Structures are given as structure tokens and as C-alpha cells.
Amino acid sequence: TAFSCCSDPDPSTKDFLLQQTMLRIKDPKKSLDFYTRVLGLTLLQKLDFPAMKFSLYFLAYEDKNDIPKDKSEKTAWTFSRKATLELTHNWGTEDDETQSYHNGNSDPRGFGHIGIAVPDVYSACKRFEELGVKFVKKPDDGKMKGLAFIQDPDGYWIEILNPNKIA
């Protein structure tokens, strides 16, 4: 409401940037295929933590030729990119048929979705269909047309939107 929005944030925050959104993923083989092949993201970096039994995969809309190859240069670059998706893999969940993650849209709710802006929701979704992508909401379904939701291999919801046709 009216007073809650600070319009003159302290200058010590002026260089803060929204660097990542982290989601836990059961199987990086499926997740990496989906985010790179279907949605066109690039894998920036894979970090492994043997002592803690997990790996991190950082994906973003970045040109792979921009990514430094030396692992130390790569690390500083990856963490200074805007809008990365951090996928956390706890070792062994792929081979654990008892295990799966919660997408936040049913009890208990919290997290809702990530969202990707695209030039053409209908063409993009037509391609998603041809690729066998699972839909939550097709662009025509529901009546808030021209907006879609698809699901990644863990069942997380991804909004597919056009900024001009939201209006």
C-alpha cells in the first residue's frame, strides 16, 4: 500500500543485483536437457561439493562464447550475471524412486513460478507442443489468453509471457 514503498533506497544498495533463483532438481540429465534444448538457456557452470554431496548448475540466457573457460575466471563471471537459474542437485535423487520435489502451487504453497518473456507466445508454445513439453495452462485455455504455463521435469511451473500482449 501507499507508504510501504521506499522510493529513495539507501545508496549502499545501488549496485545490488538479482543474481539467482534456486530450485532443487531430482535429475540434472532431464533438467539440463529441458532448460538448454527446450528453453534455450546456456549452462554457465557446474560446481561440485563432494563433502556435502551436492552439485550446483547455473543456467542463464547467455552466449556460451562469453563464458570464461578458466574455472576461477568462470566462477567470478557466473556469479556476476543477472537473472541466473541455480539448480541444486542432491546426489542420488535421480536413483531414488521414493523422492520428488514440491513446486509450491499446492498445499503447502509458497513459491509460484519462474517466467520467461518471449516474442511470440503462440509460436513458442506450438514448438513446446511439438517437443512434448507438459502444459499447466495453454495460451488459449483459461481466460487470460496469450499467456501460458509449462512444467519442467521436476514439475516447477514456468510462465510463458509476452510483455506487450499482457495489457
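Residue numbers here begin at 1 and follow the sequence given. C-alpha atoms forming the largest set that superposes within 1.5 Å between two forms make up the rigid core.
*Following superposition on the rigid core, is the mean squared CA displacement, expressed as RMS, greater for 138-146 or for 33-41 in 5 other deposited structures of this protein?*
Of the two stretches, the larger average C-alpha offset in 5 other deposited structures of this protein falls on 138-146.
*On average, are the C-alpha B-factors higher in 5-13 or in 153-161?*
Here the higher of the two C-alpha B-factor means belongs to 5-13.
*asked:* Comparing average C-alpha B factors as deposited, tell me which of 91-99 and 73-81 sits higher.
replied: Result: 91-99.
*At the C-alpha atoms, which of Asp63, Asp27, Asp33, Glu130 reaches the highest B-factor in this entry?*
Max CA B-factor in the entry, restricted to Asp63, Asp27, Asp33, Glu130: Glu130.
*Quick one: which of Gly115, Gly112, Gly40, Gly142 shows the highest Cα temperature factor in the PDB entry?*
Spelled out: the listed residue with the top C-alpha B-factor is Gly142.
_Quick check on the deposited entry: does the C-alpha B-factor of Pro50 sit in the lowest, middle or highest third of its chain?_
As the PDB entry reports it, the C-alpha B-factor of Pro50 lands in the highest third of its chain.
*Entry-reported Cα temperature factor of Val121, expressed as the chain third it lands in*: According to the entry, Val121 has a C-alpha B-factor in the chain's highest third.
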